[PDB]
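Peer 1: There's a structure below that I have some questions on.
Protein chains: 4
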Amino acid sequence: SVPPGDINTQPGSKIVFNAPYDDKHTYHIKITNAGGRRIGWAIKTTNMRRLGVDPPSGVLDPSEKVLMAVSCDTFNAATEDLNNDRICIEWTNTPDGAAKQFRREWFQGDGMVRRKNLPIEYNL
Amino acid sequence: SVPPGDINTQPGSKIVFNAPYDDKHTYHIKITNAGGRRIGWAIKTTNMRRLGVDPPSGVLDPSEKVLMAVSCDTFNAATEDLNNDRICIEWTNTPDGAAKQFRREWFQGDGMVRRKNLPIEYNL
Amino acid sequence: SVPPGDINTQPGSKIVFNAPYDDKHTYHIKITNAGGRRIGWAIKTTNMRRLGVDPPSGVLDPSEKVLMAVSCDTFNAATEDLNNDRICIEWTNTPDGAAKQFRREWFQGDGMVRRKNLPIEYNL
Amino acid sequence: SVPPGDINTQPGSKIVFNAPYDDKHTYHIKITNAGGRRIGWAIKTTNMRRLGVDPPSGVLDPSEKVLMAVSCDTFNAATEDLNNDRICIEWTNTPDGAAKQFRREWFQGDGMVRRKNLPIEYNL
């Protein structure tokens with residue numbers, strides 16, 4: 003079809019997790035549909051074990067926005083890696099007559115898919 | 003960046019596998035860079051067990067073309083599923099000064115990725 | 003008297019506030035008495051208006067620890083200064099036979115006072 | 003950093019103000035840097051109204067010394083408080099490459115601060 007529009011994030015470059023890490027911390031993100039047509043987006047992390055999202059996917063009209071929540075479980079910054087965590091944002095436009103309900107398919111089918119990465123910075 | 007150009011396939015819609023399935027059959031595909039800029043492409047199947055590709059990924063200048071070979075091992079069209087096989091083609095443009103050598107990364111970064119599906123039709 | 007012992011913080015260098023700034027966010031800090039004797043500590047910020055602490059002061063035995071909560075009200079990262087916020091930690095040892103209850107006086111007295119700074123980093 | 007060195011005073015324990023109190027009396031103090039490194043010092047009184055200092059703060063190399071002048075305005079011993087006056091001496095070491103010029107900051111900063119009290123004795 004036609005390349006999708008951009009989205010806006012807050013933060014818009016990274017995301018910092020401040021210690022101490024001995025309690026489930028919950029940060030937030032603002033997704034904003036900068037685009038002209040609707041969109042479908044979905045999130046992917048690098049640590050299903052540690053991080054958590056919700057909601058993991060959705061539909062946004064244009065100029066519409068959403069607030070999703072990232073979680074971080076406890077852990078041991080001493081031991082684990084901290085340079086390789088990331089937050090992945092995928093989105094694409096929605097099929098000519100779509101319903102407000104995310105449909106995985108949209109990605110699977112032939113078409114264009116956009117990305118954005120939000121890396122996690124661990125602050126000790 | 004900028005949405006990638008289209009590619010051309012032969013076949014361009016599906017791909018049929020004719021029985022009997024008692025040997026390893028080897029079909030072919032023609033990928034053609036219809037685009038204006040170089041591209042990086044890579045293939046994904048739905049049955050790592052049954053199908054096989056080669057080469058699995060590459061770089062194509064514009065108007066350049068390639069011939070890849072699909073394989074199909076023996077099996078038992080009685081017992082297994084045949085409605086769910088697929089061939090996946092992913093491609094994207096290449097970084098402003100790239101070396102002719104596919105680099106996975108190209109996909110990983112933030113940006114645009116195109117896809118095309120070639121479904122496998124089993125003919126009994 | 004005798005120079006006070008060190009304390010440990012989590013984080014231990016700075017503290018990041020991630021946008022968006024349209025909701026009161028509440029971060030935490032871990033203070034830990036690395037010292038050999040009891041201590042009295044108290045906190046000072048640079049923006050009584052924006053930030054907030056609690057508890058603002060206390061007493062910690064040795065090896066004892068505390069968790070204080072920093073708050074951040076809403077604001078307008080476009081208007082305000084963001085390079086000049088700081089978190090101040092002051093502590094000193096306690097009088098030979100003290101009761102666990104912070105006493106301002108301890109500072110006002112004759113002897114030694116230790117300071118540690120936690121600067122606030124605003125992440126947009 | 004590192005705990006500061008001691009200083010020496012003359013007097014070194016108190017300071018007496020002899021009546022009559024019907025005129026501005028001007029006493030003196032000798033501050034002496036007993037320490038190994040430079041220092042920054044500053045004075046605080048308990049009666050901005052009655053007492054006065056000058057100079058109020060300075061820098062002293064090691065073994066260097068200074069003479070500051072305390073003032074005492076007229077008043078009415080017969081009724082005013084006389085048990086609560088004090089003279090406060092604060093000092094700390096100076097930043098590795100400092101300019102002989104007192105900088106308030108030094109105190110505000112990340113480090114240790116020493117005190118010494120000179121109480122005022124009113125002699126009737």
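Chains as they are written, first to last, in the authors' numbering: chain B, 3 to 126; chain A, 3 to 126; chain C, 3 to 126; chain D, 3 to 126. All residues carry an ideal CB built from backbone N, CA and C; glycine is no exception.
According to DSSP, is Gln12 (chain C) helix, strand or coil?
Peer 2: The answer is strand: DSSP assigns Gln12 (chain C) an E or B state.
Peer 1: What residues from chain C crowd round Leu126 (chain B), counting only those whose CB sits closer than 9 Å?
Peer 2: Residues of chain C passing the Cβ test: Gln12, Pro13, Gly14 and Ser15.
Peer 1: Is the CB of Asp112 (chain C) under 8 Å away from at least one CB in chain D?
Peer 2: Taking Cβ atoms only, chain D reaches closer than 8 Å to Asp112 (chain C), which makes this a yes.
Peer 1: What is the DSSP secondary structure of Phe104 (chain A), reduced to helix, strand or coil?
Peer 2: Of the three classes helix, strand and coil, the one that applies to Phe104 (chain A) here is coil, per DSSP.
Peer 1: Is the Cβ-Cβ distance between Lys102 (chain C) and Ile9 (chain C) less than 8 Å?
Peer 2: For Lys102 (chain C) and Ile9 (chain C), no; Cβs fall outside 8 Å.
Peer 1: Our contact map puts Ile41 (chain B) next to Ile91 (chain B) with C-beta atoms below 8 Å; I'd like the distance itself, whole angstroms only.
Peer 2: With a Cβ gap of about 11 Å, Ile41 (chain B) and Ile91 (chain B) do not count as contacting.
Peer 1: I'd like to know whether the C-beta atoms of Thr76 (chain C) and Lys26 (chain C) end up nearer to each other than 8 Å.
Peer 2: In this structure, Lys26 (chain C) lies closer than 8 Å to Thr76 (chain C) by Cβ.
Peer 1: With the cut-off set at 8 Å, would you say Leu126 (chain C) and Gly14 (chain B) are in Cβ contact?
Peer 2: A contact, by the Cβ cut-off of 8 Å.
Peer 1: Looking at the secondary structure, which residues open and close the beta strand (DSSP E) in which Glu123 (chain A) lies?
Peer 2: Its beta strand (DSSP E) spans residues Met114 to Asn125.
Peer 1: Relative to the alpha-carbon of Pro97 (chain A), which residue among A:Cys74, A:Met70, A:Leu62 and A:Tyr124 has its alpha-carbon at the smallest distance?
Peer 2: The candidate whose alpha carbon is nearest that of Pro97 (chain A) is A:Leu62.
Peer 1: For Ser59 (chain C) and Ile33 (chain C), what's the separation of their Cα atoms in angstroms?
Peer 2: Each residue's alpha carbon lies about 11 Å from the other.
Peer 1: Between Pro5 (chain C) and the rest of its own chain, which residues show a CB-CB distance below 6 Å, the 5 nearest in sequence each way excluded?
Peer 2: Same-chain partners within the cutoff: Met114.
Peer 1: Report the residue from C:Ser3, C:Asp87 and C:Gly38 whose alpha carbon sits nearest the alpha carbon of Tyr124 (chain C).
Peer 2: Minimum Cα distance to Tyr124 (chain C) is reached at C:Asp87.
Peer 1: Note the first and the last residue of the continuous beta strand (DSSP E) segment covering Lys46 (chain D).
Peer 2: Its beta strand (DSSP E) spans residues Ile41 to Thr47.
Peer 1: Between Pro64 (chain B) and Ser73 (chain C), what straight-line distance do the alpha-carbon atoms span, to the nearest angstrom?
Peer 2: The straight-line gap from Cα to Cα measures roughly 33 Å.
Peer 1: Taking only the alpha-carbon atoms, compute the straight-line gap between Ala36 (chain D) and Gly7 (chain D) and give it to the nearest angstrom.
Peer 2: Roughly 6 Å separates the two Cα atoms.
Peer 1: When you compare the CB of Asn49 (chain B) with every CB in chain A, is at least one pair closer than 8 Å?
Peer 2: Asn49 (chain B) does not count as touching chain A.
Peer 1: Check whether chain C comes within 8 Å of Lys67 (chain D), counting only Cβ atoms and requiring the distance to be less than that.
Peer 2: With 8 Å as the cut-off, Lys67 (chain D) does not count as an interface residue toward chain C.
Peer 1: Could you give the DSSP three-state label for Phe109 (chain B): helix, strand or coil?
Peer 2: DSSP places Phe109 (chain B) in helix when its eight states are reduced to three.
Peer 1: So what's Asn20 (chain C) in DSSP terms, helix, strand or just coil?
Peer 2: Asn20 (chain C) falls in the strand class under three-state DSSP.
Peer 1: If we cut at 8 Å on Cβ distances, does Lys118 (chain B) have a partner in chain A?
Peer 2: It does; some Cβ of chain A falls within 8 Å.
Peer 1: Consider the Cβ of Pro97 (chain B): report whether some Cβ of chain A lies at a distance smaller than 8 Å.
Peer 2: By this cut-off, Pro97 (chain B) is not an interface position.
Peer 1: Could you spell out the range, first to last residue, of the beta strand (DSSP E) harbouring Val68 (chain D)?
Peer 2: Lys67 to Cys74 is the extent of the beta strand (DSSP E) around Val68 (chain D).
Peer 1: Starting from the beta carbon of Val18 (chain C), find every residue of chain B whose beta carbon is closer than 9 Å, and list them in chain order.
Peer 2: Those within 9 Å of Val18 (chain C) in chain B are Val18, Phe19, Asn20, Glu123 and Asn125.
Peer 1: Spatial neighbours of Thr11 (chain D) within its chain, please: CB distance less than 8 Å, with the 5 preceding and 5 following residues excluded, ordered by chain position.
Peer 2: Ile31, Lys32, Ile33, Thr34, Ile91, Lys118 and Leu120, listed in sequence order.
Peer 1: Using the Cβ count rule (16 or more neighbours within 10 Å means buried), how would you classify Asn20 (chain A)?
Peer 2: The residue in question, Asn20 (chain A), is exposed, as its Cβ has fewer than 16 Cβ neighbours within 10 Å.
Peer 1: Using the rule of at least 16 other Cβ atoms within 10 Å of the residue's Cβ for burial, across every protein chain shown, is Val18 (chain C) buried or exposed?
Peer 2: Answer is buried; the Cβ neighbour count reaches 16.
Peer 1: Look up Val4 (chain C) in the DSSP assignment and say whether it is helix, strand or coil.
Peer 2: Reduced to three states, the DSSP call for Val4 (chain C) is coil.
Peer 1: Using three-state DSSP, classify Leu84 (chain D) as helix, strand or coil.
Peer 2: Coil at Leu84 (chain D), not helix or strand.
Peer 1: Could you give the DSSP three-state label for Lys26 (chain C): helix, strand or coil?
Peer 2: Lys26 (chain C) falls in the coil class under three-state DSSP.
Peer 1: My guess is that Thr47 (chain D) and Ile89 (chain D) are in contact by the Cβ rule of under 8 Å, so how many angstroms apart are they, rounded?
Peer 2: Correct: roughly 6 Å between the Cβ atoms.
Peer 1: From which residue to which residue does the beta strand (DSSP E) around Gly38 (chain A) run?
Peer 2: Premise fails: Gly38 (chain A) is in no beta strand (DSSP E) and is neither H nor E.
Peer 1: Compare the C-beta of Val61 (chain D) against all C-beta atoms of chain C and say whether one is closer than 8 Å.
Peer 2: Chain C contact via Cβ: absent.
Peer 1: Can you confirm whether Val115 (chain A), when its beta carbon is compared against all beta carbons of chain B, has any partner nearer than 8 Å?
Peer 2: With 8 Å as the cut-off, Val115 (chain A) counts as an interface residue toward chain B.
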